[PDB]
């Protein structure tokens, strides 16, 4: 299979489009799904169509309380070397 | 006739001046030659690698 | 009528055409602009 | 209990560099061996002073490469800790209005938890759900005047006109307590009669 | 040619008193550009093929230096993986791929110069077309980005249709449609203006927006930031190749003529000098790419925050 | 007498073709 990123051997090219798994390049990813390994063009995302009009509004009637995490490094390990002994 | 190299040779469509032997690129690499016997310009592209 | 110049070690900047001929040049020791 | 790859990544990068530093103590760099007790106790100070220099140069190069890459990695850990210090101020000791700074949704509150070489924030946000459509107007015309909502939107369930607040559906009768007046009703485009 | 002491600006006293005030009686609508870099080109150097390069007397001698070349390839690969995450963080900030409706009834506002152009393979907009017309070797290789710029233009048009159709609701959850004039009136409230000032001046406000959008193309048809980036990299890659024709204190700089004019004991001495110089050049190159990529990352981080806070909300 | 050249006496330093390249 010929790609803008080179020649790929051992994976079959499909016509579907999934979320990217293993990045090949130039829009092509690979996965172990269909098994074996396949190629294709990643998916940007679903498709939502807002029913916009010059006098229409949507208003929510309920809510959800959600809680998510965020992880951040603050430090690393303090090391010392002794030039002469090394 | 002195120029030693490796690569694929291909028919050119450039036109040297009739005393110039080989052509160079920016960054100074030989990329064209003229065949001494038939006097035609040939491009020199590297060998597929990666 | 004839002239005689002499040559010295200089550094020049040659402009090459697309056919490969020198069409212009710059002598890099004339003045500050050069 | 069943995701900490950032922390893992950091904890790892450092070990891979410290191992590469020690694994260089066994290269010749163009000498007869890697041991000074093989170059020393096997040559004269006049000659051993050559084979030892080839090792000194290589080991100095390797130590200085280690020290440059640590400066470049510490400058990156520093920016992450500077962002964590700002999130502790703005999401834990306050309520933020910045979009997508303290979670995804509308920030309510945040809780910190300590981790091996970092911090985890638990962000609590509000997310609206279950929307309906209605029809809207910008203003209401009445007695030749134009009325605008004080803090809401005018909506219509098909036949009647109410005011809600914009993020939660709670309709109210349009009165002179939740609207205000400005002008006559022929300059706004979209006015309705009610 | 003149030499002078520079002026700092015009000078003016404010008419301050203890019971005087100044109130505005009109306004203008401004539009201004800001340009930010988000990525560099992904390059990869084969340490062994840059140093030795074909020859075999060189490879066994370079094998004596340990893992110097493995470190450099790791360093360059990390940089290349970071360039795709830069772009994912700036542009893939949207769940769905939103579309504008086939009408364009936006209250007199006209977005045609920034919506996508259906008569194109790339489907870029008119201003994105203006912006795109203004900006093998000795082991060197350029990898392609994971996202095509068709994909990037498709992310940007969806961010645009989310904003024009739902205001800021799609950045906090599901997109909730609202008419554009009413969304503009919500935004006038956010800056402390009362919302009839918008509805009574709708046509004038829409004309001012349209003229300011028209002036941007003329001001375009600037991008020196991105250009600077692009260049700073080509010029640093040209120096690495030019450093291969230097002897570094050997007889010559070409690994065959040294090798076919001396016998091994004699040639190994010169080949080690060549190796030392060529390895120093590659370390200089990689260290500067590491320092230059951390500057591009701080810029893509600022872009991600701007896309969140200025496009998905009101600041 | 003496006279002033203006831009005269430029020769091709050698073989090797070449195009648009402000070569030094």
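Just so it is clear, A, B, C, D, E and F label the chains in written order, and each chain counts residues from 1 on its own.
By definition in this document, a residue touches a chain if its C-beta (ideal position, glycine included) is under 8 Å from a C-beta of that chain, and two chains touch if they have at least 3 such contacts.
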item: Chains linked by the largest number of contacting C-beta pairs; value: A-D
item: Gap in Å, rounded to a whole number, between the CA centres of subunit D and subunit B; value: 54
item: Chain centre separation (subunit A, subunit F; CA means) in Å; value: 58
item: Whole-Å gap separating subunit B and subunit E, where each centre is the average of the chain's CA atoms; value: 38
item: Rounded Å distance, subunit C centre to subunit E centre (Cα mean); value: 41
item: Residue numbers of subunit F (touch at least two other chains); value: 12, 17-19, 21
item: Chain-chain contacts as defined at top; value: A-D, A-E, B-C, B-E, B-F, C-F, D-E
item: Subunit D to subunit E touching residues, read off their complex; value: 20, 23-24, 26-30, 58, 62, 65, 68-69, 72, 75-76, 79, 98-101, 104-106, 127-129, 131, 133, 136, 138-139, 146, 148, 153, 166, 182-183, 187-190
item: In the complex with subunit C, residue positions of subunit F that touch it; value: 3, 5, 7-10, 12, 17-24
item: In the complex, subunit B residues that touch subunit C; value: 15-17, 20, 23
item: List of subunit D residues in touch with subunit A within their complex; value: 3-4, 6-7, 10, 14, 18, 25, 59, 63, 66, 70, 73-74, 77, 80-81, 83-84, 87, 103-105, 108, 115, 117-137, 153, 155, 164, 166-169, 190
item: Residues of subunit A defined as touching subunit E within the complex; value: 4-5, 20, 23, 25-27, 42, 44-60
